[PDB]
Amino acid sequence: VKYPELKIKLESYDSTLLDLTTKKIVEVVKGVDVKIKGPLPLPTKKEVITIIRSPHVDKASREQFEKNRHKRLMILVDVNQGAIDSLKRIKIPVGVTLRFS
Amino acid sequence: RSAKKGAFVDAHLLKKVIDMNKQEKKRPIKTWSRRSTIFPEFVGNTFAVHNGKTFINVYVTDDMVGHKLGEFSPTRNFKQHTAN
Amino acid sequence: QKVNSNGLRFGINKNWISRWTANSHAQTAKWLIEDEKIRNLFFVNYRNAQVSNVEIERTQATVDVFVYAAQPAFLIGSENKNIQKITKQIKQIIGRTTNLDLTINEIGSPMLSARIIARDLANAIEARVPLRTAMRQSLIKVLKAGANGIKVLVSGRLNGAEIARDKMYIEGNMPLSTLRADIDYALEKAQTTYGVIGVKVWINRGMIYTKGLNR
Amino acid sequence: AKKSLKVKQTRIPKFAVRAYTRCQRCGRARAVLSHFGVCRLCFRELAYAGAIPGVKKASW
Amino acid sequence: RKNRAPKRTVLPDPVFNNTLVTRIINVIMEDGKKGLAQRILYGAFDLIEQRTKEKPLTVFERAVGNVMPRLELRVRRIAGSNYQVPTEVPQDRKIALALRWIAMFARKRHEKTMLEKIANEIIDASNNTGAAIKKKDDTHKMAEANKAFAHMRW
Amino acid sequence: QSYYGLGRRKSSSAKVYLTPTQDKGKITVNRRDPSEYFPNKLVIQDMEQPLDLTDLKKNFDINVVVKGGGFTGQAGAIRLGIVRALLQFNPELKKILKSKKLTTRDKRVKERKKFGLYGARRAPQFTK
RNA sequence: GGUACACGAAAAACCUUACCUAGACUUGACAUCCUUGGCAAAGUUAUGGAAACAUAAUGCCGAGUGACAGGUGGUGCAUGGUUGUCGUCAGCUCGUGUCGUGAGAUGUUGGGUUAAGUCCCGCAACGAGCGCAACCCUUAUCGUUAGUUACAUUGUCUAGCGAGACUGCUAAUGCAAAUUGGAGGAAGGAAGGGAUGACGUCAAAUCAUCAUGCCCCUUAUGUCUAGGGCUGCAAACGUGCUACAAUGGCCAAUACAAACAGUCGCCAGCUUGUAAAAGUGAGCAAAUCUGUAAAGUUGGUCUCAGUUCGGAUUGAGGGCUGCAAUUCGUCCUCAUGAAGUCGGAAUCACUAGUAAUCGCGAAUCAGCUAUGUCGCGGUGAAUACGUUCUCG
Ligand SMILES: [Zn+2]
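Shown next, in the form of structure tokens:
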């Protein structure tokens, strides 16, 4: 082993893409590695930005966009160093940004 | 208030006023920094402070201590309202 | 006054055009203002390539610009003389430490993309072609390709003053009101000799039922 | 006097408080978003274009 | 125009067992705070047991019965110098207006502290004095004076 | 014999536990008394009005934990949890609980502050 | 005018800044092309200066050359794009055909039915398009996958999937849409809300986001710099805030959110400080750590009056950012306490978790009497009988 508690945390601005990535990781880790509790939903940090529509005053009609940022979490009980060797080839997409322990 | 060396000056105006005060104390010297406060040494001279158009002269006296240099120079005129 | 038909379905029926992230608001602004420059360079400098769109993909000092253009060879050039040139402007506008690895791929049935059709409208109008017949030829050639209804409208100086003489064209089912519609939208500025001509094209490209989410 | 404002905004300022925020593409010195360095109307046009990675329509 | 509007229901208070008491506590409420008006009304209750020892429910229903107005006034004009028209109003609005009169007249008096002024208001309403019965009597006296208009109206 | 439930009125959750005990029920909410937690109003009375149309605190313990909201939302959540708990204890209570409209999650919640409107409904003012 | 007046501007002491005064500069602050190359580019310290700057020196950049660069200069009565109003109002049209010499009409009209040109019966009309509808998001119930940094007198909870509600069933009456009633059910007859705004009108607004033809300037309407002014002042209007007091003033104990945000920042705890705060110094890239909810309850004082309400104005002493607070910031403490005891003609908002009202968070931003704006939760109403008048 020599590396217990691989606490990988994945965060993205999309849900179905992050769900696909976590499904792929849970299926690939379902091989050599064991004792991996399932995906951990997180409160999906959210913000709203509001912008006036017209180039001129027209204040009474303004719209607003929203940059959603979904969040999940994984914990790995032990490395099983061959498992990280298999892990080296995952090539996750750019939309999901990783953060391990 | 600065609360730490409260008496504040642009720190460039000190050299010429100290020089003149020790150089027979010439009255007319042109200053633009309304930013500065007066040290106790300041009393004695005149300065052609700039308001935004031209230079108006102010004579410093020991009567007051601590007040801002530029407050002696009004910048905005009075009402001068017409009838209608 | 109505909303841009692209934005309403964008992000829930259409995948984003530039997927990337960086350190929080430190230089994400830099990356956006940089890759929009690449996008503008593609849509501006090379009219002859008819680039439909560009995909920007950055992750921590790497970039890959997928492109979809009707005619790839003009971007490629003769014996690859133009690809190296265009990639060196991309580099000098992106820096030097970042790998580029651009790719160019022809787009199947490009004539169903509003971008290239609007560009063709701009080229025709700027060339003093009578606007009505150009509209009709472009409309027929687009519709024959097997698509649904079209909406092309043009404002600006229609060969003279009194611009409030604007022509509009609608030729079938194109439901803005339906979110699950798979509609395309574009816009070009046909810089005529008398001012600015804005051409707008709406393309209905079939139903997008059972999509679930973006592709 | 707009382009000279562009070049002045770029230069390193004599004072920490001398400089201010501004959109890179255009010189509108108002309503610029520090989280995107892009003017509010510029932000709207690029978001309808969709260059920003995460943009939706608010239902919230 | 519009159609008929359904009414939201009001629940009786299961301590004194009267929904009219609930409408009391609702109308005398300000700022949207049941607690403060609740304490005020219950202190007024305790004062009802304190002086003039008698069932607070009995003096409550007596005040309601005395303050209730028999007829209402409705405006139906033709031209300048408009003319009123007295019409019939159902009991729900009658008790609502009685409670409104009690509430408004209570906060119009001497004895600054709210407890004693509202207690004196309910006492006077039970005893038929000029505090609120005067207003009801006046509004009744304008009625049936121009009842010719009431008979032929729409 | 524990009996369960759940209430979610106005952003306020409420988990309940009910057991038929020796006493009249020994009301205990959040391990403390309701009298000092909830000010003595009809709000404290609201929870036993489900019981009034039933065996009114004959033998039914109260073990409730509360989170979220203010106190009125807490009261609604715990009331709905109680009515669900009696329904779980005895199906025969649907006809009398639903007739009085005690269940069904009134779902009256503060709306979203719509732009241009001060409190999502108030316009600033009108001027000509 | 509605559709302008807490608007552009989601933040003017310098910059911002477009104005004025003054200082200076001129293929120029910035860009390409022509010719010529390869080492300095910035920043730093004396020096005169208020500073651009000329100096002297450390550590892609240069030098000569015209098209010109540049204009927050003009023309929204040349404009593109964008936006407001009618208006989320139900309306606007087209193809074929018929009628009429013709503009034109017939569809879109007639009956019921709805929020709807929603639907269906009748119909010289038959169909079709934009719109409306539904497809999206979001809250309301249940089931499932998952368990921490939540929770754990534990399955709450969060976020993914699925179910649920589809006039589904029954009663009536109708041809039929459909209407109402009942049962079940969390929700029943467009469940609450958001997103979504047709043809067009107002030569509506925006040449000062941007682009933009034409006109004008160019050793200046362009460039940099210091000061000011955008915060004035006899006056009037608009939108807000505090109130004008015992439903209250003040003091002590006292518990209850949600959402959002945060490693040059949030700031825990501790010490000093009547306090602004200052210092120490963890934890926190974050469901962990932090950003003490206020109303509310209990107790006490106050006892109705320009007041133990009210807080302006003014004086002083402190604090913070920032080089710097006089025009021209803000906080705290001490000092005084204007006027006002509910307000004229007239008006505005609102059909429920709404009004009112209590607080909390964020943005631009180092600082901001933002009382503004954008958002979150706490407490928490009346009435709609009815369309005669009034507005559209
Ligand atoms: Zn911009």
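If you read the protein sequences in the order shown, they are chains D, Y, A, P, B and E.
Going letter by letter, the first sequence gives residues 526 to 626 in this note's numbering.
Going letter by letter, the second sequence gives residues 21 to 104 in this note's numbering.
Going letter by letter, the third sequence gives residues 8 to 222 in this note's numbering.
Going letter by letter, the fourth sequence gives residues 441 to 500 in this note's numbering.
Going letter by letter, the fifth sequence gives residues 1415 to 1568 in this note's numbering.
Going letter by letter, the sixth sequence gives residues 445 to 572 in this note's numbering.
All C-beta atoms in this analysis are idealised placements derived from N, C-alpha and C, irrespective of residue type, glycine included.
Closest residue to residue i among the options (Cα-Cα distance)
i: residue 44 (chain Y); options: Y:64, Y:30, Y:32 and Y:52; result: Y:64
i: residue 562 (chain D); options: D:609, D:552 and D:569; result: D:552
i: residue 31 (chain A); options: P:472, P:490, P:448 and P:476; result: P:476
i: residue 448 (chain E); options: E:526, E:557, E:544 and E:554; result: E:526
i: residue 569 (chain E); options: D:571, D:560 and D:585; result: D:585
i: residue 69 (chain A); options: A:11, A:56, A:53 and A:108; result: A:108
i: residue 296 (chain A); options: A:146, A:67 and A:59; result: In the structure as shown, chain A starts at 8 and stops at 222, and residue 296 (chain A) therefore has no counterpart that could be examined.
i: residue 1472 (chain B); options: B:1441, B:1563, B:1503 and B:1540; result: B:1540
i: residue 39 (chain A); options: A:63, A:17 and A:19; result: A:63
i: residue 179 (chain A); options: A:147, A:172, A:203 and A:205; result: A:147
i: residue 1439 (chain B); options: B:1510, B:1558, B:1546 and B:1563; result: B:1510
Pairwise C-alpha distance: residue j and residue i
i: residue 479 (chain P); j: residue 466 (chain P); result: 8 angstroms
i: residue 134 (chain A); j: residue 176 (chain A); result: 21 angstroms
i: residue 181 (chain A); j: residue 554 (chain D); result: 47 angstroms
i: residue 75 (chain Y); j: residue 92 (chain Y); result: 12 angstroms
i: residue 1499 (chain B); j: residue 1484 (chain B); result: 14 angstroms
i: residue 1365 (chain B); j: residue 1523 (chain B); result: The first residue shown for chain B is 1415 and the last is 1568, placing residue 1365 (chain B) beyond what the model contains.
i: residue 1490 (chain B); j: residue 1416 (chain B); result: 20 angstroms
i: residue 196 (chain A); j: residue 489 (chain P); result: 15 angstroms
i: residue 199 (chain A); j: residue 132 (chain A); result: 7 angstroms
i: residue 535 (chain D); j: residue 620 (chain D); result: 10 angstroms
i: residue 516 (chain E); j: residue 496 (chain P); result: 35 angstroms
i: residue 506 (chain E); j: residue 524 (chain E); result: 14 angstroms
i: residue 157 (chain A); j: residue 193 (chain A); result: 12 angstroms
i: residue 472 (chain E); j: residue 482 (chain E); result: 12 angstroms
i: residue 1566 (chain B); j: residue 513 (chain E); result: 57 angstroms
i: residue 172 (chain A); j: residue 161 (chain A); result: 10 angstroms
i: residue 217 (chain A); j: residue 12 (chain A); result: 20 angstroms
Own chain partners of residue i with C-beta closer than 8 angstroms, once the 5 adjacent residues on each side are dropped
i: residue 540 (chain E); result: 497 and 498
i: residue 486 (chain P); result: 478 and 492
i: residue 528 (chain D); result: 603, 604, 606 and 609
i: residue 579 (chain D); result: 586
Any C-beta of chain D under 7 angstroms from that of residue i
i: residue 469 (chain E); result: no
i: residue 512 (chain E); result: no
i: residue 560 (chain E); result: yes
i: residue 104 (chain A); result: no
i: residue 222 (chain A); result: no
Within-7 angstroms CB hit, residue i to chain B
i: residue 497 (chain E); result: no
i: residue 462 (chain E); result: no
i: residue 485 (chain E); result: yes
Test: residue i CB closer than 7 angstroms to a CB of chain E
i: residue 1551 (chain B); result: no
i: residue 1446 (chain B); result: no
i: residue 1449 (chain B); result: yes
i: residue 1460 (chain B); result: no
Same chain, Cβ closer than 7 angstroms to residue i, five either side skipped, listed in chain order
i: residue 22 (chain A); result: 221 and 222
i: residue 54 (chain Y); result: 69, 89, 90 and 93
i: residue 1561 (chain B); result: 1500
Sequence-distant residues of the same chain with beta carbon closer than 6 angstroms to residue i, five excluded per side
i: residue 594 (chain D); result: 538 and 570
i: residue 529 (chain E); result: 447, 449, 460 and 462
i: residue 442 (chain P); result: 467
i: residue 71 (chain Y); result: 93 and 95
i: residue 558 (chain D); result: 605 and 608
Test: residue i CB closer than 7 angstroms to a CB of chain P
i: residue 56 (chain A); result: no
Closer than 7 angstroms to chain A by CB, residue i
i: residue 619 (chain D); result: yes
Who sits around ligand 1, taking every residue whose Cβ is closer than 5 angstroms to one of its heavy atoms? P:463, P:466, P:468, P:479 and P:482
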